[PDB]
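Working notes, beginning with the structure itself.
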Amino acid sequence: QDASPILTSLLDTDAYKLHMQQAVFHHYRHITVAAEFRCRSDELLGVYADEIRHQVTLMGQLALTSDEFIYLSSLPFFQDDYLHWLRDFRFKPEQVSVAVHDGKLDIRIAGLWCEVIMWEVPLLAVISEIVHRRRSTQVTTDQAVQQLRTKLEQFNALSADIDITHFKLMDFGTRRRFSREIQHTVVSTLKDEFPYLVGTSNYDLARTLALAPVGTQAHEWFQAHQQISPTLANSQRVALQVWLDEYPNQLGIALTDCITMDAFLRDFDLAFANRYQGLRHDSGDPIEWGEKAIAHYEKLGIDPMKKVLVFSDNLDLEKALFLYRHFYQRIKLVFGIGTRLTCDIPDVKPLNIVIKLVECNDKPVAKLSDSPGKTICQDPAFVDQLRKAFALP
Ligand SMILES: [Cl-]
Ligand SMILES: [Cl-]
Ligand SMILES: [Cl-]
Ligand SMILES: [Mg+2]
């Protein structure tokens, strides 16, 4: 139905959103933030504004169900104070401003971080579904399934000569999925047909398909700490410590490129390297990055085979297999694939859209990374300050 909701579950979002939301609820309940939409491509999405606005209002109706509560209570991640608060949580549509200027979609979101944090993934998934169902009216679940099966055949062919049994794939594709139904179809097909699927970031699919919910933290956790910790140069160490404080023995993958990998390794001391299970790559050459990670573990006396590298920088299954060949004899590996799984249909172009943190406590925050052109920060002075504090060139 035209005006009917695209989203019907509060769990149709990525696990890292709830994992971070709980940390923010426990530690930073009164901190405010602002976040903004960007369309990375040369695309104009202004025409979709009214429909996006309508869906944003609809999201005000989403509410945790009792079955969902019981499911979350079964997992090792959640405390009951948070779960009781989550049961009362409702999106507040007023937090989201949708405007159009020169045909460009402008979306800004502002309010308490523990509330605002929940918008990013479902709002992106709603924008994605709105745009695709308008532009690509002929797409069937069958087309999506057949493309997936062709790729799984190519994967099997290219891996026949190696021990592929340590290959691990995560679905990370909620945000820019072609639609909710396409994601459901491809993830269910993977569970039934691909031994190496280890889980999905989507909490609703983790529950309903009986898969492990995966995902730890995201850049906003590190970025927000740039306006939380008194010392800017320590903001990433504080973010790593507060995460362990919240999750001492679960969710132990640290994202490495809010600043740069080199800066990260300067912060990643023996205690962090022992308590965390592993590291996630999101920018720069993955070969160089993985080698840096392995060498760091060796320098600290840690057996790299007892740690994990997570790769998820807009991967496809072929690139993931190539990375596996390079690293699998030396360290444990997980590969998160996003749009290449949930929006890979003949004659359909994926959208390159994001919603990223721009302020915390009314002050700028930024992600640098090891890839140029990934900075949304519109405060060049702050970016300069951040570079200085982290001793970057
Ligand atoms: Cl746009
Ligand atoms: Cl579904
Ligand atoms: Cl792929
Ligand atoms: Mg220390």
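Naming works like this for the structure tokens: A, B, ... for the chains as they're shown, residue 1 at the start of each chain, ligands 1 onward in shown order.
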Chain A residues near ligand 3 within 8 Å, closest pair each, using only C-alpha atoms and all ligand atoms, as CSV:
residue,atom,partner,partner_atom_place_in_ligand_line,distance
A:148,CA,ligand 3,1 (Cl),7.6
A:151,CA,ligand 3,1 (Cl),6.4
A:315,CA,ligand 3,1 (Cl),7.1
A:316,CA,ligand 3,1 (Cl),3.7
A:317,CA,ligand 3,1 (Cl),4.1
A:318,CA,ligand 3,1 (Cl),6.5
A:337,CA,ligand 3,1 (Cl),7.4
A:340,CA,ligand 3,1 (Cl),4.6
A:341,CA,ligand 3,1 (Cl),5.6
A:344,CA,ligand 3,1 (Cl),7.5
Chain A residues near ligand 4 within 7 Å, closest pair each, using only C-alpha atoms and all ligand atoms, as a Markdown table:
| residue | atom | partner | partner_atom_place_in_ligand_line | distance |
| --- | --- | --- | --- | --- |
| A:269 | CA | ligand 4 | 1 (Mg) | 5.7 |
| A:271 | CA | ligand 4 | 1 (Mg) | 5.8 |
| A:272 | CA | ligand 4 | 1 (Mg) | 6.6 |
Nearby residues, ligand 1, 6 Å, only C-alpha atoms and all ligand atoms, as a PDB file with C-alpha atoms, in the first residue's frame:
ATOM      1  CA  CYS A  39      24.379  11.380  -0.959  1.00  0.00           C
ATOM      2  CA  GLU A  43      22.469  11.889  -7.606  1.00  0.00           C
ATOM      3  CA  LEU A  44      19.601  14.184  -6.878  1.00  0.00           C
ATOM      4  CA  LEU A  45      17.062  12.738  -4.449  1.00  0.00           C
ATOM      5  CA  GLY A  46      15.013  15.837  -3.669  1.00  0.00           C
ATOM      6  CA  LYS A 104      19.234  18.033  -3.307  1.00  0.00           C
ATOM      7  CA  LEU A 105      17.877  16.184  -0.308  1.00  0.00           C
TER       8      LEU A 105
END
With only C-alpha atoms and all ligand atoms counted, collect every polymer residue having an atom within 12 Å of ligand 2; state the result as an NGL selection string.
-> :A and (6-9 or 11-13 or 174 or 177 or 179-188 or 202-209)
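Candidate residues A:32, A:21, A:229, A:371 were compared for distance to residue A:217, and the nearest is A:21, using only C-alpha atoms.
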Each residue of stretch 84-136 of chain A lying at most 10 Å from stretch 58-80 of chain A should get a row with its shortest atom-to-atom pair and the distance in Å to one decimal, counting only C-alpha atoms; could you produce that, ordered by chain and increasing number, as a tab-separated table?
residue	atom	partner	partner_atom	distance
A:84	CA	A:80	CA	5.9
A:85	CA	A:80	CA	8.4
A:86	CA	A:64	CA	7.2
A:87	CA	A:64	CA	5.3
A:88	CA	A:63	CA	7.5
A:89	CA	A:63	CA	6.9
A:90	CA	A:60	CA	5.9
A:91	CA	A:60	CA	4.8
A:92	CA	A:60	CA	5.9
A:93	CA	A:60	CA	6.2
A:94	CA	A:60	CA	9.6
A:119	CA	A:59	CA	9.3
A:122	CA	A:59	CA	8.8
A:123	CA	A:59	CA	8.8
A:126	CA	A:59	CA	9.8
Residue selection dump (C-alpha atoms) as an mmCIF file, in the first residue's frame:
data_model
loop_
_atom_site.group_PDB
_atom_site.id
_atom_site.type_symbol
_atom_site.label_atom_id
_atom_site.label_comp_id
_atom_site.auth_asym_id
_atom_site.auth_seq_id
_atom_site.Cartn_x
_atom_site.Cartn_y
_atom_site.Cartn_z
ATOM 1 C CA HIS A 84 12.934 -1.909 29.978
ATOM 2 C CA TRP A 85 13.764 1.570 28.657
ATOM 3 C CA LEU A 86 13.958 0.230 25.076
ATOM 4 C CA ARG A 87 10.465 -1.245 25.426
ATOM 5 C CA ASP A 88 9.220 2.341 25.976
ATOM 6 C CA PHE A 89 11.373 3.862 23.234
ATOM 7 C CA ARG A 90 9.658 5.614 20.320
ATOM 8 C CA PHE A 91 11.234 7.535 17.516
ATOM 9 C CA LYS A 92 10.460 11.248 17.785
ATOM 10 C CA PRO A 93 9.926 12.475 14.193
ATOM 11 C CA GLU A 94 10.454 16.114 15.233
ATOM 12 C CA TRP A 119 17.748 6.844 13.125
ATOM 13 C CA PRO A 122 16.372 2.408 9.411
ATOM 14 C CA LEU A 123 16.165 5.866 7.831
ATOM 15 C CA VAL A 126 13.674 3.572 4.134
#
Atom pair atom CA of residue A:164 / atom CA of residue A:339: separation (Å) =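 Atom-to-atom, atom CA of residue A:164 to atom CA of residue A:339, that is 23.1 Å.
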Point out the residue among A:95, A:178, A:17, A:124 with the least atom-to-atom distance to residue A:345, counting only C-alpha atoms.
-> A:178
From a DSSP calculation on the backbone, collect every residue of stretch 121-329 of chain A in alpha helix (DSSP H) and output the set as an MDAnalysis selection string.
-> chainID A and resid 121:135 141:158 180:193 203:209 219:225 235:246 261:267 270:275 286:300 317:327
With C-alpha atoms retained, write the just-selected residues as a CSV table (one decimal), in the first residue's frame.
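Written output follows (selection_16.csv):
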chain,number,residue,atom,x,y,z
A,121,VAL,CA,20.2,2.6,9.7
A,122,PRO,CA,16.4,2.4,9.4
A,123,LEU,CA,16.2,5.9,7.8
A,124,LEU,CA,18.8,4.9,5.2
A,125,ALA,CA,16.9,1.6,4.6
A,126,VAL,CA,13.7,3.6,4.1
A,127,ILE,CA,15.3,6.0,1.7
A,128,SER,CA,16.8,3.1,-0.2
A,129,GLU,CA,13.5,1.2,-0.4
A,130,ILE,CA,11.6,4.4,-1.5
A,131,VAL,CA,14.1,5.2,-4.3
A,132,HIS,CA,14.4,1.6,-5.6
A,133,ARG,CA,10.7,0.7,-5.6
A,134,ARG,CA,10.1,3.8,-7.7
A,135,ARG,CA,13.0,3.5,-10.2
A,141,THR,CA,13.0,-11.8,-5.5
A,142,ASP,CA,13.9,-14.4,-8.1
A,143,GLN,CA,16.3,-12.1,-9.9
A,144,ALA,CA,18.0,-11.4,-6.6
A,145,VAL,CA,18.3,-15.0,-5.7
A,146,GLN,CA,19.7,-16.0,-9.1
A,147,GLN,CA,22.4,-13.3,-9.0
A,148,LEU,CA,23.3,-14.6,-5.5
A,149,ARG,CA,23.5,-18.2,-6.7
A,150,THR,CA,25.7,-17.2,-9.6
A,151,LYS,CA,28.1,-15.5,-7.2
A,152,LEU,CA,28.1,-18.5,-4.9
A,153,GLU,CA,29.1,-20.7,-7.8
A,154,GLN,CA,31.9,-18.3,-8.8
A,155,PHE,CA,33.0,-18.4,-5.2
A,156,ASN,CA,33.1,-22.2,-5.0
A,157,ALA,CA,35.0,-22.4,-8.3
A,158,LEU,CA,37.7,-19.9,-7.2
A,180,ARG,CA,13.4,-5.2,3.2
A,181,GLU,CA,12.1,-8.2,1.2
A,182,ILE,CA,15.2,-8.5,-0.9
A,183,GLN,CA,17.4,-8.5,2.2
A,184,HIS,CA,15.2,-11.2,3.8
A,185,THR,CA,15.4,-13.3,0.7
A,186,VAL,CA,19.1,-13.1,0.2
A,187,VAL,CA,20.0,-13.7,3.8
A,188,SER,CA,17.6,-16.7,4.1
A,189,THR,CA,19.1,-18.1,0.8
A,190,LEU,CA,22.6,-17.7,2.3
A,191,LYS,CA,21.6,-19.5,5.5
A,192,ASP,CA,20.2,-22.4,3.6
A,193,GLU,CA,22.8,-22.7,0.9
A,203,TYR,CA,18.4,-7.8,14.6
A,204,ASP,CA,15.0,-8.6,13.1
A,205,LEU,CA,16.5,-11.2,10.7
A,206,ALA,CA,18.8,-12.5,13.4
A,207,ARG,CA,15.7,-13.3,15.5
A,208,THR,CA,13.4,-14.5,12.7
A,209,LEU,CA,15.9,-16.5,10.7
A,219,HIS,CA,32.8,5.6,13.9
A,220,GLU,CA,30.3,7.7,15.7
A,221,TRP,CA,31.4,6.0,19.0
A,222,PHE,CA,34.9,7.3,18.5
A,223,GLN,CA,33.8,10.6,17.0
A,224,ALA,CA,31.5,11.5,19.9
A,225,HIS,CA,34.4,11.0,22.3
A,235,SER,CA,39.6,10.5,22.8
A,236,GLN,CA,40.2,7.2,21.0
A,237,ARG,CA,41.8,5.5,24.1
A,238,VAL,CA,38.8,6.7,26.2
A,239,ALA,CA,36.4,5.3,23.6
A,240,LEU,CA,38.2,2.0,23.6
A,241,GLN,CA,38.2,1.8,27.4
A,242,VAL,CA,34.5,2.9,27.9
A,243,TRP,CA,33.5,0.2,25.4
A,244,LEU,CA,35.3,-2.5,27.5
A,245,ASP,CA,33.8,-1.0,30.6
A,246,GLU,CA,30.3,-1.6,29.0
A,261,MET,CA,45.5,2.9,11.5
A,262,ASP,CA,48.9,4.3,12.5
A,263,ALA,CA,47.3,6.5,15.1
A,264,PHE,CA,45.2,3.6,16.3
A,265,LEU,CA,48.2,1.4,16.8
A,266,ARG,CA,49.8,4.0,18.9
A,267,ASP,CA,46.8,3.8,21.2
A,270,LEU,CA,49.1,-4.5,25.4
A,271,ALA,CA,46.0,-4.4,27.7
A,272,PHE,CA,43.7,-3.3,24.8
A,273,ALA,CA,45.2,-5.8,22.5
A,274,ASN,CA,44.7,-8.6,25.0
A,275,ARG,CA,41.1,-7.7,26.0
A,286,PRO,CA,43.4,-3.9,3.2
A,287,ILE,CA,46.6,-5.8,2.6
A,288,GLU,CA,48.8,-3.2,4.2
A,289,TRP,CA,46.3,-2.8,7.0
A,290,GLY,CA,46.2,-6.5,7.8
A,291,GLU,CA,50.0,-6.8,7.8
A,292,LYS,CA,50.2,-3.9,10.1
A,293,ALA,CA,47.7,-5.5,12.5
A,294,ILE,CA,49.5,-8.9,12.5
A,295,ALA,CA,52.9,-7.3,13.0
A,296,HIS,CA,51.5,-5.3,16.0
A,297,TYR,CA,50.2,-8.4,17.6
A,298,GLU,CA,53.7,-10.0,17.1
A,299,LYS,CA,55.4,-7.0,18.7
A,300,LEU,CA,53.2,-7.4,21.8
A,317,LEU,CA,32.5,-12.0,-2.3
A,318,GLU,CA,35.4,-12.2,-4.8
A,319,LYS,CA,37.5,-9.6,-3.0
A,320,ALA,CA,36.7,-11.3,0.4
A,321,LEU,CA,37.9,-14.6,-1.0
A,322,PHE,CA,41.2,-12.9,-2.2
A,323,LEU,CA,41.7,-11.4,1.2
A,324,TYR,CA,41.1,-14.7,2.8
A,325,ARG,CA,43.7,-16.4,0.6
A,326,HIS,CA,46.2,-13.8,1.7
A,327,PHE,CA,45.5,-14.0,5.5
Enter the distance from atom CA of residue A:107 to atom CA of residue A:370, in Å, rounded to one decimal.
->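 Value for the atom CA of residue A:107-atom CA of residue A:370 distance: 26.5 Å.
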At a cut-off of 10 Å, can you tabulate as a tab-separated table every residue of stretch 193-244 of chain A near stretch 381-388 of chain A together with its closest atom pair and the distance in Å to one decimal, using only C-alpha atoms and ordering rows by chain then number?
residue	atom	partner	partner_atom	distance
A:226	CA	A:386	CA	8.5
A:232	CA	A:386	CA	7.2
A:233	CA	A:386	CA	7.8
Atom pair atom CA of residue A:336 / atom CA of residue A:310: separation (Å) |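 One can read the atom CA of residue A:336 to atom CA of residue A:310 distance as 7.3 Å.
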Which of A:251, A:100, A:228, A:112 sits closest to residue A:15 [using only C-alpha atoms] =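 Nearest candidate to residue A:15 out of A:251, A:100, A:228, A:112: A:251.
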Name all residues at most 8 Å from residue A:24 (count only C-alpha atoms; drop same-chain ones fewer than 5 positions away) and give them as a PyMOL selection string.
-> chain A and resi 29+113-114
With C-alpha atoms retained, export the selected residues as a PDB file, in the first residue's frame.
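Result written to out30.pdb:
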ATOM      1  CA  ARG A  29      22.375   9.659  28.868  1.00  0.00           C
ATOM      2  CA  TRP A 113      22.480  10.878  21.433  1.00  0.00           C
ATOM      3  CA  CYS A 114      20.749   7.934  23.142  1.00  0.00           C
TER       4      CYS A 114
END
Would you kindly return, as a list in words, each protein, DNA or RNA residue with an atom no farther than 9 Å from any atom of residue A:215, considering only C-alpha atoms and excluding same-chain residues fewer than 6 positions away?
->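 Here the qualifying residues turn out to be residues 14, 15, 16, 17, 19, 170, 172, 200, 201, 251 and 253 of chain A.
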